[PDB]
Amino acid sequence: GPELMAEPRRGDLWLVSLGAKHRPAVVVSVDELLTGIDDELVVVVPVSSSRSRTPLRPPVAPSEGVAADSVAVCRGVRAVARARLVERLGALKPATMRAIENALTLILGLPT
């Protein structure tokens, strides 16, 4: 059975350490993968406040947890160890998640 209690939840915005230097990111892997252990991989989309916005980089608003208008760099999607997720920053509007899902679908050649 999956652990939902202390674990990041899909659609949340979390602060991620990418060392070893933290960045916010969107949890995009489903919560049924979580077992509450530290080495397991959670798939996230890095959020950038300095890169320009494009269709494959849906915007993320302060109402969703960022300090300033940012973009979700779906091309930068990556699995990270759950231990690099330090604190929950917020939750994304469902429309934002739908835009991230469509961007990922195009990026990964998924049908259709």
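Numbers follow the displayed sequence, beginning with 1.
- As recorded in the PDB entry, 36-44 is the stretch of 58-66 and 36-44 with the greater mean C-alpha temperature factor.
- Stretches 27-35 and 70-78 differ in mean CA B factor, with 27-35 having the higher one.
- Residue 13: CA B factor in the middle third of modelled residues in this chain (values from the PDB entry).
- When the CA B factors of the chain's modelled residues are split into thirds, the value for residue 20 lands in the highest one.
- Per-chain ranking of the deposited C-alpha B factor places residue 107 in the lowest third.
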